[PDB]
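**Student:** Below is the sequence, then the experimental coordinates.
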Amino acid sequence: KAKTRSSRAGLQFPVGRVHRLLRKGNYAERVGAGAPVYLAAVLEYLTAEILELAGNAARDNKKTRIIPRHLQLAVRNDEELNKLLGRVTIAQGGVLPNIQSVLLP
Amino acid sequence: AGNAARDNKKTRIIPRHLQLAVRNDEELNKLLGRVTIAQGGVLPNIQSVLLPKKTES
Amino acid sequence: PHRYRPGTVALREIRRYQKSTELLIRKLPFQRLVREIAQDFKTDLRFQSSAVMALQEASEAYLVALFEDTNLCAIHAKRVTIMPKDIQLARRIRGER
Amino acid sequence: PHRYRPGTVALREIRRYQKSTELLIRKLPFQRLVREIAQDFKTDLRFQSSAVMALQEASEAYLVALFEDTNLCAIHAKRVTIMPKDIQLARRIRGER
Amino acid sequence: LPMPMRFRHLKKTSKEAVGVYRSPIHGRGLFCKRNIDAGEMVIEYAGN
Amino acid sequence: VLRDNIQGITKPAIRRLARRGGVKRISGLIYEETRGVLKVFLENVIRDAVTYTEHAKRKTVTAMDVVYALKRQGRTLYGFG
Amino acid sequence: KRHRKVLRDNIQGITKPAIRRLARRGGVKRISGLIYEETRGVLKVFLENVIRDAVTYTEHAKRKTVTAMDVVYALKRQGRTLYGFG
Amino acid sequence: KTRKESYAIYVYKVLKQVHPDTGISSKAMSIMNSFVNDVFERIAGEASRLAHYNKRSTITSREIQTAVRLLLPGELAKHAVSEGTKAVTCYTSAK
Amino acid sequence: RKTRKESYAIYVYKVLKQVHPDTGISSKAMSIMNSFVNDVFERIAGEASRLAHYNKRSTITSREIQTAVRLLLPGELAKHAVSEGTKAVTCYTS
DNA sequence: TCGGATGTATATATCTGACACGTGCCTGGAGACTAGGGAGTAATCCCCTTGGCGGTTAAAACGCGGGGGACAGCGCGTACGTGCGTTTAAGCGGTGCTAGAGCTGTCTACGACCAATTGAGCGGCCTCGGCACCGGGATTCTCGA
DNA sequence: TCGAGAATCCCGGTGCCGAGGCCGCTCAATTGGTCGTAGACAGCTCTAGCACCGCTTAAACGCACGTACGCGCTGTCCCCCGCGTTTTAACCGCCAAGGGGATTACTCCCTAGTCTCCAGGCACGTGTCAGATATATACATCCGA
């Protein structure tokens, strides 16, 4: 008789912690009853997206444990994640390899 | 706003005076950084090289 | 046979347009533009008028700021005539692209 | 008697520095800089270390973005050598001044 | 800018603009300290 | 259905905005690039305006929706609503 | 007394392979000789506009140490969001 | 002698279910922790300003959906909207 | 008969006639000043609420409003508005 | 076109110290109930938006003719990389000590909460002066000699 | 060094419609109480930060020095700009018809809140392998003759 709402919806991120963060956060007077579920789904999807583009760079550069340089490249190589994370300095980041084409000899 | 409204010889205040009163000042322009006043206009500004000069005689 | 040296009409129009404030683009072609590109997101909307005026003010201010930064670029390249690589440089530097 | 044609060492250092990530400014002169300009707002503070590292990361990223937009300006003016009127143009266009 | 706003500007900044000091020409003279662009107002020559 | 209205922005009107910008002399490609930039900006505003209008169930885009979208953009228009 | 805080340098402490090194992380081929002073000026301006808000939160919290969260909060206000210290 | 609101075990489990044979370091875990907190704050705050604009006093699924459609860019927005609607329907049907 | 709406028109009228005797105002200028005061109120209340969440307190005192004004306003204008606020509160107490 | 002469990914042996994993335990997250209050839904009316038709004309469109800036070509020496040698401050271990950050009871006084009261503040409706327009003289630069 | 000339700012008449103000009339601000817990405070740890120390060494600075390209100069040319003549749709002013948006009234059922109970996450103690580091080593590639 202990079915957590993560099981009852099928997701992985919790919904009780999201419900407590909504009621404590003073964002509005009445938290709904499906809104923290929906938001747990959205957070699970974006985490899955960034880790999916991380793992490709991880296997391409032969390591097996993801580092912030892999995260920097996994974010900055994409077209629309670069517009999402508009200006974010990621620690240990580095930049994309790019040389202007009017300086090659 | 009132100083500019007198100094253009008008009674009331129309928003052109507000645009001039903010953008002439230094700190209020930094406060109203990304702000467009409606019907505002800009400061009169012409660059230094777009206007001719004379040498001979 | 009386004609000006070229550039005089340009500078006096610059002062003549900076000494005034009004709507500068003719309003009905801009309204038809706004409705035509609003077609693509939800069919058969119904605008007010003040929303159209707000769009015209926002677009007018954005174009004026863009042209002044373009003119700074073109004066920096030891030229006078604006060419569109200046505009593309300005929108590349500002961060909108 | 063996010396390179000039510019080769420049391009290979560009690739050599873009293929790595680390702290690039030596840490104790930057820490003394931060404490010395923090003197003027409240006397005798007490920093942690991670706050200093966060400041070094923010300043490093800001300088790198500034130099890349400067280099775009200097290539736009049909030059190669960066001169400080480019930097002042970039901070004039971006909106920080 | 129009005229009376710059007249206000004049009454503001004419104190900090200029200065009277010992000339080598003849006795004293009016110096200049702020770098003036060609066209602005400097001071009002006012008295009785 | 409509057509051709991006050419409704004329040749002198772009020249008039250039003169208010304080610009001496224009080339012949600025017209094309300007229509491009203006169409991009209008799409990026009208998307969020129509999103607010669909959320509040109405079929009308008032001035307050445009001002909310411009507040999100970072331009903050005054003088309406 | 007891406090020895007579400091005049440390704008020169950002030395001069260092700005060259940042420029060649940026992809820059050939640099003039006034870039050094101009870069030191811009760096001083930016670090002032962050340390001011950092010390303000530190005072308002009624403490004496500027923890990392306060720096993250100052940079969050500025628009340059920073990840990886909370 | 305290507690702490970390998301480490959750990103662990998602990483297991997206790549069967890799792990993740500490600093990358902290970056993902701050990333999820930041995305949560932006979406919740946009939703709350919607609730205040529309003179109503309850955040629901429809307001979270409109915060998602405003904040995210296009293709990723359609993906996240479909994921959320699937999760809500599978929550409430077998409720 | 319409539903009563908020506005700050009368108070701008009063401050305008206290600082200029015979200088009126238009309509559009009144809407601009209304939206201006709404903007400054939203920014300062947002900063104070975020401070209150950071410090693990739950109450907006005056201290957070002073801190928010000192953060958000640039320099000398802040050093005058702090004095205006403190003088008004101390004249309110006694 | 080649030789040489550089630095550059590349196969392997060893460590470590940071990361994967039991465990217990607890405190916050599932189960039940209860009221009441925010929100769904019908109806309306009346406000506003959209559409259409003729009239004037301000303004866009479009050739003409040209001369002034954009651009290509060329010469130099000032200024900046490249390398080599010659100092120094930056890391880096251990130590200590200690000011201060953080944590536990304890007790108020200050803000929530609710009942009854009126005057500050918004809506509708006048009135009238600043501003808009018309028209003419003084002025003030420009451009061919 | 001039003078034709074409806008242009300064100045005062005629008209009108946005703005300031005044009465009426609500409904939210004000006053007067209770009552609880959020917070101010005294005290009590114990842990990171700052200062100190020697030692080692990558790194920074000075100095030649060759060189290449930013800058200056000249030519040429073509395309953008003033302008005269010609259409045309922008606008205004209007009537007209109907979609939809605030608005109120009314059930209603979804959630704030309370009480009970118990396992999911977390702090903590484990061992142990992913990639760093070291060492040769074929191999890409820059530059003169």
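**Tutor:** All right, it came through fine. Numbers count the residues shown, from 1 in each chain, chains lettered A, B, ... in the order given.
**Student:** So residue B:5 sits against residue B:16, correct?
**Tutor:** No - using CB atoms under 8 Å, residue B:5 makes no contact with residue B:16, being 9.7 Å away. From N, CA and C alone the C-beta is placed, and that goes for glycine too.
**Student:** Buried residues, the longest helix along chain H. List them.
**Tutor:** Criterion DSSP state H: the longest helix present in chain H is helix H:26-53. For helix H:26-53, a neighbour-count test (16 or more other CB atoms under 10 Å in any protein chain shown) marks H:28-40, H:43-44, H:46-51 as buried.
**Student:** sorry, back to before: looking at residue B:5 and residue B:16, which one has more neighbours?
**Tutor:** residue B:5 (23 against 19; other CB atoms under 10 Å in any protein chain shown).
**Student:** Spell out the secondary structure type for the more buried one.
**Tutor:** Counting by DSSP: H, G, I helix; E, B strand; the rest coil, the backbone at residue B:5 sits in helix.
**Student:** Next: residue A:89.
**Tutor:** Assignment for residue A:89 (three-state DSSP): strand.
**Student:** Please apply the same query to residue E:38.
**Tutor:** coil.
**Student:** Tell me if I'm right that residue H:58 and residue H:51 touch.
**Tutor:** Yes - contact status for residue H:58 versus residue H:51: in contact at 7.0 Å, counting by CB under 8 Å.
**Student:** Report the set of residues contacting both of the two.
**Tutor:** Common contact partners of residue H:58 and residue H:51 (CB atoms under 8 Å, 6 or more residues apart in numbering or on different chains): residue A:28.
**Student:** mind listing what the residue lying closest to residue C:42 once chain neighbours are set aside touches?
**Tutor:** The shortest distance from residue C:42 to any non-neighbouring residue, by CB to CB, 6 or more residues apart in numbering or on different chains, is to residue F:50 (5.3 Å). Taking CB under 8 Å, 6+ apart, we find residue F:50 in contact with C:38, C:41-42, C:45, F:61.
**Student:** again, 10 Å this time
**Tutor:** C:38, C:40-42, C:45, F:61, F:65, F:69 (CB atoms under 10 Å, 6 or more residues apart in numbering or on different chains).
**Student:** Show me how to select, in ChimeraX, the buried members of those.
**Tutor:** Buried residues within those, by 16+ other CB under 10 Å, are selected in ChimeraX with:
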select /C:38,45 /F:61,65,69
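**Student:** Between the contacts of residue F:50, which sits nearest residue C:60?
**Tutor:** residue F:69 (16.6 Å; CB to CB).
**Student:** that's a helix at the closest one, yeah?
**Tutor:** Yes - Residue F:69 forms part of a helix when assessed by three-state DSSP.
**Student:** just checking, it touches residue F:75?
**Tutor:** Yes - Residue F:69 lies in contact with residue F:75 (CB atoms under 10 Å); the separation is 9.3 Å.
**Student:** thinking again about what came up before, how much space between the residue nearest to residue C:42 and residue F:66?
**Tutor:** 10 Å (CB to CB, to the nearest Å).
**Student:** in the chain, which spans are strands?
**Tutor:** I'll assume chain A. For chain A, the strands defined by DSSP state E occupy A:30-31, A:65-66, A:88-90.
**Student:** if you could check chain E rather than the one you did, that'd help
**Tutor:** Along chain E, the segments classed as strands by DSSP E run E:18-22, E:28-32.
**Student:** Reformat the ones you listed into TSV and put mean neighbour count next to each item.
**Tutor:** As requested, these are arranged in TSV below (neighbours: other CB atoms under 10 Å in any protein chain shown):
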stretch	mean neighbour count
strand E:18-22	10
strand E:28-32	11
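**Student:** Tell me which of the ones you listed sits nearest to residue F:79.
**Tutor:** So among these, strand E:18-22 is nearest, using CB to CB, at 41.6 Å.
**Student:** Run the angle between the closest one and strand E:28-32 for me.
**Tutor:** With axes from the mean of the first three to the mean of the last three CA atoms, to 10 degrees applied, the angle from strand E:18-22 to strand E:28-32 works out at 140 degrees.
**Student:** What strands line up against strand E:18-22, and which way round?
**Tutor:** strand E:28-32 (antiparallel) (DSSP bridges).
**Student:** re the thing from before, Three-state assignment for the residue nearest to residue C:42, please.
**Tutor:** helix.
**Student:** Nearest residue to the spatially most central residue of chain B in space, please, no chain neighbours.
**Tutor:** With distances taken as CA atoms, centre = their mean, residue B:43 lies nearest the centre of chain B, 3.3 Å away. The shortest distance from residue B:43 to any non-neighbouring residue, by CB to CB, 6+ apart, is to residue B:23 (5.6 Å).
**Student:** For the one you found, list the residues it contacts.
**Tutor:** So residue B:23 contacts B:29, B:32, B:37, B:40-43 (CB under 10 Å, 6+ apart).
**Student:** And the buried ones among those residues, selectable in PyMOL?
**Tutor:** Only the buried entries of the contacts of residue B:23 go into this PyMOL selection, using 16+ other CB under 10 Å:
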select buried, chain B and resi 32+37+40+41+42
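**Student:** List the buried residues in stretch C:5-25.
**Tutor:** Quick answer for stretch C:5-25 (16+ other CB under 10 Å): C:10-11, C:14, C:17-18, C:21, C:24-25.
**Student:** out of these, who's nearest residue D:60?
**Tutor:** residue C:18 (41.8 Å).
**Student:** Next up, the contacts around the closest one.
**Tutor:** Contacts of residue C:18 were listed using CB under 10 Å, 6+ apart, and they are B:41-46, F:19-22.
**Student:** Chain B versus residue A:89, what's the distance?
**Tutor:** 21 Å (CB to the nearest CB, to the nearest Å).
**Student:** same check, this time on residue F:4
**Tutor:** Residue F:4 is 29 Å from chain B, where distance means CB to the nearest CB.
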